[PDB]
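Next up, my_file15.cif (mmCIF, C-alpha atoms (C1' of nucleotides)):
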data_work
#
loop_
_atom_site.label_atom_id
_atom_site.label_comp_id
_atom_site.auth_asym_id
_atom_site.auth_seq_id
_atom_site.Cartn_x
_atom_site.Cartn_y
_atom_site.Cartn_z
CA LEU A 249 39.14 -11.64 3.65
CA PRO A 250 41.59 -9.08 5.09
CA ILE A 251 45.32 -9.51 4.56
CA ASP A 252 45.83 -9.72 8.33
CA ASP A 253 43.75 -12.91 8.34
CA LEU A 254 46.50 -14.44 6.21
CA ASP A 255 48.67 -14.32 9.37
CA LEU A 256 51.71 -12.88 7.60
CA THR A 257 54.81 -11.05 8.79
CA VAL A 258 55.89 -7.47 9.50
CA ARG A 259 56.68 -5.72 6.22
CA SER A 260 53.71 -6.75 4.10
CA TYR A 261 51.17 -5.55 6.66
CA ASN A 262 53.10 -2.31 7.15
CA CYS A 263 53.37 -1.43 3.48
CA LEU A 264 49.74 -2.41 2.85
CA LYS A 265 48.02 -0.58 5.72
CA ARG A 266 49.70 2.75 4.97
CA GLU A 267 48.15 2.87 1.48
CA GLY A 268 44.71 1.47 2.32
CA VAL A 269 44.73 -2.11 1.03
CA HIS A 270 42.32 -3.78 3.44
CA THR A 271 41.23 -7.04 1.77
CA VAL A 272 42.62 -9.83 -0.38
CA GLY A 273 39.82 -9.27 -2.89
CA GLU A 274 41.63 -6.24 -4.26
CA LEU A 275 44.87 -8.23 -3.99
CA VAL A 276 43.57 -11.05 -6.19
CA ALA A 277 42.12 -8.39 -8.49
CA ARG A 278 45.59 -6.87 -8.77
CA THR A 279 48.18 -8.92 -10.61
CA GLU A 280 51.66 -9.71 -9.32
CA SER A 281 53.13 -7.01 -11.56
CA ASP A 282 50.63 -4.43 -10.29
CA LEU A 283 51.48 -5.26 -6.67
CA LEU A 284 55.28 -5.47 -7.03
CA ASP A 285 55.38 -1.92 -8.46
CA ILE A 286 55.57 -0.44 -4.95
CA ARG A 287 58.89 1.05 -3.87
CA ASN A 288 60.94 -1.01 -1.40
CA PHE A 289 58.73 -4.08 -1.72
CA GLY A 290 60.11 -7.15 0.02
CA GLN A 291 60.93 -10.17 -2.10
CA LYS A 292 59.83 -12.32 0.84
CA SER A 293 56.49 -10.48 0.64
CA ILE A 294 56.44 -11.31 -3.09
CA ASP A 295 57.09 -14.98 -2.28
CA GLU A 296 54.40 -15.22 0.39
CA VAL A 297 51.86 -13.33 -1.74
CA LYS A 298 52.51 -15.63 -4.71
"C1'" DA B 1 84.76 18.84 -40.01
"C1'" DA B 2 88.46 17.84 -36.07
"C1'" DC B 3 89.04 17.93 -30.87
"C1'" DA B 4 89.07 17.56 -25.31
"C1'" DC B 5 85.64 17.80 -21.00
"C1'" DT B 6 80.98 17.02 -16.80
"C1'" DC B 7 76.49 14.55 -15.78
"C1'" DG B 8 72.30 9.68 -14.34
"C1'" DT B 9 72.64 5.34 -12.87
"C1'" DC B 10 73.54 1.88 -10.41
"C1'" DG B 11 75.24 -0.57 -6.70
"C1'" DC B 12 76.43 -0.68 -2.04
"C1'" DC B 13 76.57 0.55 3.06
"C1'" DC B 14 74.92 2.25 7.47
"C1'" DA B 15 70.88 3.90 10.55
"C1'" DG B 16 65.92 3.71 12.11
"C1'" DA B 17 60.04 3.14 11.06
"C1'" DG B 18 57.46 0.92 13.09
"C1'" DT B 19 56.12 -3.54 13.63
"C1'" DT B 20 56.16 -7.77 15.39
"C1'" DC B 21 57.35 -10.78 19.03
"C1'" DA B 22 57.14 -10.85 23.35
"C1'" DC B 23 58.63 -9.70 28.69
"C1'" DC B 24 56.36 -7.30 33.61
"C1'" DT B 25 52.53 -4.52 36.67
"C1'" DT B 26 47.80 -2.47 38.77
"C1'" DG B 27 43.63 -0.58 38.54
"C1'" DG B 28 40.66 -3.08 38.41
"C1'" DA B 29 34.87 -5.31 37.43
"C1'" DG B 30 32.61 -7.34 39.92
"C1'" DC B 31 30.97 -10.34 43.95
"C1'" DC B 32 29.79 -10.30 48.22
"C1'" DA B 33 28.67 -8.32 53.26
"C1'" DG B 34 26.56 -5.02 55.99
"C1'" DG B 35 23.42 -1.06 57.28
"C1'" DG B 36 20.05 2.13 57.08
"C1'" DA B 37 15.64 5.04 55.89
"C1'" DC B 38 11.90 4.81 53.13
"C1'" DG B 39 8.32 4.48 50.75
"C1'" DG B 40 4.78 1.39 50.35
"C1'" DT B 41 1.39 -0.62 53.12
"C1'" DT B 42 -2.03 -1.06 56.73
"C1'" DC B 43 -4.67 0.35 60.15
"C1'" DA B 44 -6.44 3.40 64.65
"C1'" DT B 45 -9.05 8.01 64.44
"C1'" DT B 46 -12.09 12.64 63.37
"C1'" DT B 47 -15.38 15.08 63.43
"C1'" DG B 48 -16.02 18.32 58.57
"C1'" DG B 49 -19.06 17.04 55.67
"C1'" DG B 50 -22.56 14.97 52.38
"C1'" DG B 51 -27.61 13.94 52.94
"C1'" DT B 52 -32.65 13.52 53.13
"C1'" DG B 53 -37.70 12.85 53.60
"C1'" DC B 54 -41.03 15.14 54.51
"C1'" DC B 55 -43.74 19.39 54.94
"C1'" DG B 56 -45.80 24.49 56.55
"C1'" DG B 57 -46.71 26.68 53.02
"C1'" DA B 58 -46.25 30.15 49.35
"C1'" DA B 59 -46.92 30.76 44.94
"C1'" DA B 60 -47.22 29.42 40.15
"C1'" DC B 61 -50.05 26.71 36.92
"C1'" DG B 62 -52.86 23.81 34.59
"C1'" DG B 63 -57.38 23.25 33.67
"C1'" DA B 64 -62.37 22.89 34.56
"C1'" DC B 65 -66.63 25.31 34.57
"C1'" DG B 66 -70.20 28.39 33.88
"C1'" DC B 67 -71.90 31.88 31.15
"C1'" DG B 68 -71.77 35.53 27.71
"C1'" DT B 69 -71.05 36.94 22.21
"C1'" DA B 70 -70.53 35.99 16.89
"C1'" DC B 71 -71.10 35.28 12.18
"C1'" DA B 72 -73.18 31.25 8.99
"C1'" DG B 73 -76.56 29.16 7.49
"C1'" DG B 74 -81.49 28.77 7.14
"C1'" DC B 75 -86.48 30.35 6.85
"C1'" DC B 76 -89.51 33.91 5.29
"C1'" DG B 77 -91.85 37.47 3.05
"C1'" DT B 78 -92.20 41.32 -0.45
"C1'" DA B 79 -99.83 42.98 -3.64
"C1'" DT B 80 -100.41 47.72 -11.01
"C1'" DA B 81 -99.60 44.18 -14.18
"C1'" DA B 82 -96.17 41.70 -15.70
"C1'" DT B 83 -99.90 34.36 -18.85
"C1'" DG B 84 -96.69 29.11 -24.47
"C1'" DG B 85 -87.52 29.07 -25.87
"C1'" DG B 86 -84.03 30.40 -29.08
"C1'" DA B 87 -80.95 27.73 -31.86
"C1'" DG B 88 -79.29 24.07 -34.35
"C1'" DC B 89 -76.74 23.23 -38.38
"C1'" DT B 90 -77.00 19.52 -40.04
"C1'" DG B 91 -70.80 17.47 -47.00
"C1'" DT B 92 -69.53 9.56 -44.51
"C1'" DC B 93 -69.97 5.23 -45.98
"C1'" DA B 94 -70.43 0.70 -45.48
"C1'" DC B 95 -74.56 -1.76 -44.55
"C1'" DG B 96 -77.86 -5.32 -41.52
"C1'" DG B 97 -81.78 -5.27 -40.15
"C1'" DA B 98 -85.91 -3.44 -37.66
"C1'" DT B 99 -89.25 -0.53 -38.66
"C1'" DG B 100 -93.43 2.09 -39.41
"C1'" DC B 101 -96.19 1.82 -43.69
"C1'" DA B 102 -97.06 -0.81 -47.62
#
Produce structure tokens that represent the structure in this file.
Amino acid sequence: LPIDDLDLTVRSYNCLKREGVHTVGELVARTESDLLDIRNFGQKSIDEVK
DNA sequence: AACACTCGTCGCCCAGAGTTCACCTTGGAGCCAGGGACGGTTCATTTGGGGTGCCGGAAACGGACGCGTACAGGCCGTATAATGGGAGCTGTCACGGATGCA
């Protein structure tokens, strides 16, 4: 499933589509620590992803 | 061994990336209405053409028909005198019985 299908807000889509994350399969493959590593990552994005 | 200087690190503070959320337009995509000319169809010619069955007959042609020639096979005759075969090579044994003689 793509991350857009999760019907989320501005920042998470922006910071994901620049770097080529297209699905939630790679997102569930990546752990919370491996996804929070990104510079200027929103804590609200962390909350919604968790 | 005693003494007086300059550099990451972090937080914090303001501006937009660019994204979402969310407002007006206008070229529509199509839907329908109307008008050819057009190509498909059909039907009048149209006499240009294919057509032909048979023949006078001319000439080939297939064969009959009669009459010559050709070797193949057959018949026939040869007048000094010429008057009874070469050849075969045979080392069996058993043995039953006829068999020409006993």
Mind pulling up the distance from CA of residue 264 in chain A to CA of residue 288 in chain A?
12.1 Å
Considering only C-alpha atoms (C1' of nucleotides), give me a table of residues in chain B that are at most 10 Å from chain A, with the closest atom pair and distance in Å for each, as a Markdown table.
| residue | atom | partner | partner_atom | distance |
| --- | --- | --- | --- | --- |
| B:17 | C1' | A:262 | CA | 9.7 |
| B:18 | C1' | A:262 | CA | 8.0 |
| B:19 | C1' | A:258 | CA | 5.7 |
| B:20 | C1' | A:258 | CA | 5.9 |
Expected file contents, prior selection, C-alpha atoms (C1' of nucleotides), as a short mmCIF file (atom, residue, chain, number, x, y, z; two decimals), in the frame of the given file:
data_model
loop_
_atom_site.label_atom_id
_atom_site.label_comp_id
_atom_site.auth_asym_id
_atom_site.auth_seq_id
_atom_site.Cartn_x
_atom_site.Cartn_y
_atom_site.Cartn_z
"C1'" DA B 17 60.04 3.14 11.06
"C1'" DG B 18 57.46 0.92 13.09
"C1'" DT B 19 56.12 -3.54 13.63
"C1'" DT B 20 56.16 -7.77 15.39
#
Between CA of residue 252 in chain A and CA of residue 270 in chain A, what is the distance in Å, rounded to a tenth?
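These two atoms are separated by 8.5 Å.
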Counting all atoms listed in the file, select every polymer residue within 12 Å of (60.0, -8.6, -5.0) as defined in the file's coordinates, and provide the selection as a PDB file with C-alpha atoms, in the frame of the given file.
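This went into part_8.pdb:
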ATOM      1  CA  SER A 260      53.710  -6.750   4.100  1.00  0.00           C
ATOM      2  CA  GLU A 280      51.660  -9.710  -9.320  1.00  0.00           C
ATOM      3  CA  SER A 281      53.130  -7.010 -11.560  1.00  0.00           C
ATOM      4  CA  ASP A 282      50.630  -4.430 -10.290  1.00  0.00           C
ATOM      5  CA  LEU A 283      51.480  -5.260  -6.670  1.00  0.00           C
ATOM      6  CA  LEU A 284      55.280  -5.470  -7.030  1.00  0.00           C
ATOM      7  CA  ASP A 285      55.380  -1.920  -8.460  1.00  0.00           C
ATOM      8  CA  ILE A 286      55.570  -0.440  -4.950  1.00  0.00           C
ATOM      9  CA  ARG A 287      58.890   1.050  -3.870  1.00  0.00           C
ATOM     10  CA  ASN A 288      60.940  -1.010  -1.400  1.00  0.00           C
ATOM     11  CA  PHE A 289      58.730  -4.080  -1.720  1.00  0.00           C
ATOM     12  CA  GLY A 290      60.110  -7.150   0.020  1.00  0.00           C
ATOM     13  CA  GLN A 291      60.930 -10.170  -2.100  1.00  0.00           C
ATOM     14  CA  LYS A 292      59.830 -12.320   0.840  1.00  0.00           C
ATOM     15  CA  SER A 293      56.490 -10.480   0.640  1.00  0.00           C
ATOM     16  CA  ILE A 294      56.440 -11.310  -3.090  1.00  0.00           C
ATOM     17  CA  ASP A 295      57.090 -14.980  -2.280  1.00  0.00           C
ATOM     18  CA  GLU A 296      54.400 -15.220   0.390  1.00  0.00           C
ATOM     19  CA  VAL A 297      51.860 -13.330  -1.740  1.00  0.00           C
ATOM     20  CA  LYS A 298      52.510 -15.630  -4.710  1.00  0.00           C
TER      21      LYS A 298
END
In Å, with one decimal, what is the gap from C1' of residue 24 in chain B to CA of residue 256 in chain A?
27.0 Å
All residues 7 Å or closer to range 272-279 of chain A, only C-alpha atoms (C1' of nucleotides), same chain fewer than 4 positions away omitted, as a ChimeraX atom specification
/A:249-251,283
To test the calculation: enclose all listed atoms of range 258-261 of chain A in a box whose edges run along x, y and z, add 8 Å on each side, then state centre and edge lengths in Å to one decimal, as lines of an AutoDock Vina configuration file.
center_x = 53.9
center_y = -6.5
center_z = 6.8
size_x = 21.5
size_y = 17.9
size_z = 21.4
